[PDB]
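Heads up, the chain below is alone and in the form deposited in one PDB entry; it's given as structure tokens.
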């Protein structure tokens, strides 16, 4: 299965991706995670991405396409993959078609997880992440059992740099501008599948399972 997860910032893509890889054993390819890892390596690519990410802007198309092309070329993507947060512009979507054509592959589904803007703001500002294992919580919808600490080790929880209200506002504006173009692109292809992301995490996943069952 060759899959894209699409959704506005905070819509639950990582949450659902983790459940998809656990069930189906395909690799999770998240451009955001890749940029954050590059930032940690301290690479020139990483540091250039950081300037956009800190402002809630999209990293420019050409560099983003390049890391995706390289990642999809690996042996672990031969039997399927899960792209998460790529593509983010129509130019990226067109590039992906070319990347896949070169590999002799086709997208099966673009799974678009729909949540309203006001809810997404709170998804992000209420997000807390474990410093020591990267487990994700939400102060309202998925709280840790003990305030301020991770359930699975005892690690301190932190707030992603870009989850501050100012940056979240810009993230939402930037990606909302790109949304109708992307939706139309994939509707034309007949591969867009919309999922109601305003449900219990497991009910979202149940809807995705029903789709992937076909």
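Numbering follows the first chain given and starts at 1. Shifts are known only where both forms have a C-alpha. We call the rigid core the largest set of C-alpha positions that still match within 1.5 Å between the two forms.
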Residue range whose averaged C-alpha B-factor is higher in the record, 115-123 or 129-137: 129-137
Given 45-53 and 153-161, the range whose Cα B-factors average higher in the PDB entry: 153-161
Given 21, 204, 191, 11, the residue at which the Cα B factor reaches its maximum: 21
Highest recorded Cα temperature factor - choice among 96, 90, 110, 77: 77
Among modelled residues of the same chain, the CA temperature factor third for residue 169: middle
Residue 147, C-alpha B-factor rank within chain (lowest, middle or highest third): highest
Chain-relative CA temperature factor third for residue 4: lowest
Modelled-residue ranking by C-alpha temperature factor, third containing residue 67: middle
Residue 58 - Cα temperature factor, lowest/middle/highest third of chain: lowest
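Quick note: we don't show the form deposited in another entry, though the next part is all about it.
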Answer among 183, 63, 37, 149 for the CA shift between this form and the one not shown that reaches 2 Å or more, rigid core superposed: 149
Residue ranges moving between this form and the one not shown (criterion: at least three consecutive CA positions shifted 2 angstroms or more, core aligned): 128-137, 142-158
